[PDB]
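The data below hold one chain only, encoded as structure tokens and taken in the form deposited in one PDB entry.
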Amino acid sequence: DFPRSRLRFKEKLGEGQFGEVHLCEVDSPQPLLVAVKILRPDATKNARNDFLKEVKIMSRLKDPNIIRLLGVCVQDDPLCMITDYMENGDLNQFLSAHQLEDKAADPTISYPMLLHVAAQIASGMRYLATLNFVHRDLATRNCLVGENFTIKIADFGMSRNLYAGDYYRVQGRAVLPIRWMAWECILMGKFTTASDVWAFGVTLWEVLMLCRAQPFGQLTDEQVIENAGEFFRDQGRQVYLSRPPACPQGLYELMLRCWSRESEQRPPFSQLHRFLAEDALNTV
């Protein structure tokens, strides 16, 4: 554990439904920067409950490419969660500020580095699958970036105003990231490792687009939901995300397998990782 007195709050990183995140300095660990989530000023009973469960969920997760809990605060202190500061923020903003390098002749990013980024996400999901842990909301907006393009999968929740358009809302219902969701998820509301594979396909599409466009960006929420119906009825009228310019055809055919109607035919994270780390290198 860790005493709240030993933290030096420095600035504000973001706001959540039941907490808020600050960049803090630690002088006497056991100039070290860390990210700390604490209760919001208007902390409710229900919010303290969700905060404590977040700590329990996060305490399961121990992998180089998954966010890790470095510690929590002593019991009689006001509640806190401490994790590594990821200095380049979320992956969506980060990739947005880069463009594909022009090998012929603003920071840039090469195709092999994009593969490297995608492969780390795949490895993190490989780990989650071994725990039978289902993420439920994989997307570039929920990945963090550290030094040297290191990537860690996290989960900000669905409340950030910046990504409001990524979630479909109906009064009294669960909030749904429908443009990342497998057809069975949209129709029946339930999430599996196989639907995480589907979301990974979309996330891989994002990375290869350098996050310059929303998935199915020219279609409405209602058209995206109706597309799930076309997967169900299986009469060849369903549509897919198109091949990104940075994406060679061999890699795109792997993306497409992530959107197979049958869950069993979607590739496991072990195979996705192997392709991204090895096979995709002869397509460079």
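Residue numbers here begin at 1 and follow the sequence given. Under this definition, the rigid core comprises the largest set of C-alpha atoms superposing within 1.5 Å between the forms.
The form deposited in another entry is left out here; the points below concern that form.
- [ ] Using a rigid core alignment, state whether the CA of residue 261 is displaced by 2 Å or more between this form and the one not shown.
- [x] After core superposition, the C-alpha of residue 261 moves less than 2 Å between this form and the one not shown.
Using the rigid core as the reference frame, would you say residue 7 shifts its C-alpha by 2 Å or more between this form and the one not shown?
Yes; that C-alpha moves by at least 2 Å between this form and the one not shown.
- State yes or no: after fitting on the rigid core, is the Cα displacement of residue 132 between this form and the one not shown at least 2 Å? No.
Margin query: A 3 angstroms or greater change in CA distance between residue 214 and residue 15 is reported in the other form. Closer or farther than in this form?
Written below: It is farther: in the other form, the C-alpha atoms of residue 214 and residue 15 lie at least 3 Å more apart than they do here.
**Asked** Would one find the Cα atoms of residue 18 and residue 131 closer or farther in the other form than in this form, where their distance changes by 3 Å or more?
**Response** Farther apart, by at least 3 Å.
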